[PDB]
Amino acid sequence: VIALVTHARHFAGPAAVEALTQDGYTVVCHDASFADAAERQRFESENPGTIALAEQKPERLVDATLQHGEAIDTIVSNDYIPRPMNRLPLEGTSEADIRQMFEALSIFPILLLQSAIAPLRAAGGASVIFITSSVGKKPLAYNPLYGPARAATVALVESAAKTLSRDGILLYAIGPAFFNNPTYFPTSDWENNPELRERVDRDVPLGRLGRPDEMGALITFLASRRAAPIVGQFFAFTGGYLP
């Protein structure tokens, strides 16, 4: 049973590869770094049971994954943009940066999803889990460009699900905040940053960052299809920070 995970070295990627591999999936992985054959080999060495794709185009990931299996059971569309770009303000930000924000967080997942429909429908269904952000639903003053691009992909999930769910193709969005992960909250900064630790005590009812295995537990539960009627919505992964 195979899963496709995008941007595997970033954001919720490590968590998704870990939990899905432990669940018995063969995890086929995309990452910008995988254009390099050497980085492909190191990744597979460091992550038993994975396959690293060379393909970089969003519309070609599905065809490239289908080289290593009969069908795709789960796609984790783990879209991200490197820090500090997520905090780019409205004023003075270049048009290139504006377009890149939508390219990485809205156009890339659309082109992926579009390419996926036909093969996934032929296999009788699958799950597509988009990793977005809390600002997909709740706005933040310092994310005035990141927020809009994330909200587009949340709306993509809720609208596209109205039609794809009848094909057995189940779409979901996760909107993390205060989630322990290499892109926005690496374990290295927690101990050194007492403003963060005070921010979490103030704003996160759970009182801690969410753990990689808890993100992994949500992903594997969704991939199992055992609760299919919750298809088509946004799940906050924020320790109670949202709503």
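In this text, residue numbers run from 1 along the sequence as written.
- Here the stretch with the larger average CA B-factor, out of 108 to 116 and 67 to 75, is 67 to 75.
- Comparing the deposited coordinates for 145 to 153 and 92 to 100, the stretch with the larger average C-alpha B-factor is 92 to 100.
- Of all the options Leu53, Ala38, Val204, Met215, the entry's greatest CA B-factor is assigned to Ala38.
- When the modelled residues of the chain are ordered by their C-alpha B factor, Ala160 lands in the middle third.
- Placement of the Cα temperature factor of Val5 within the chain: lowest third of the modelled residues, per the deposited record.
- For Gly210, the recorded CA temperature factor ranks within the middle third of the chain's modelled residues.
- Split the chain's modelled residues into thirds by C-alpha temperature factor. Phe178 is in the middle one.
- Ranked by Cα temperature factor within the chain, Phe221 sits in the lowest third according to the deposited record.
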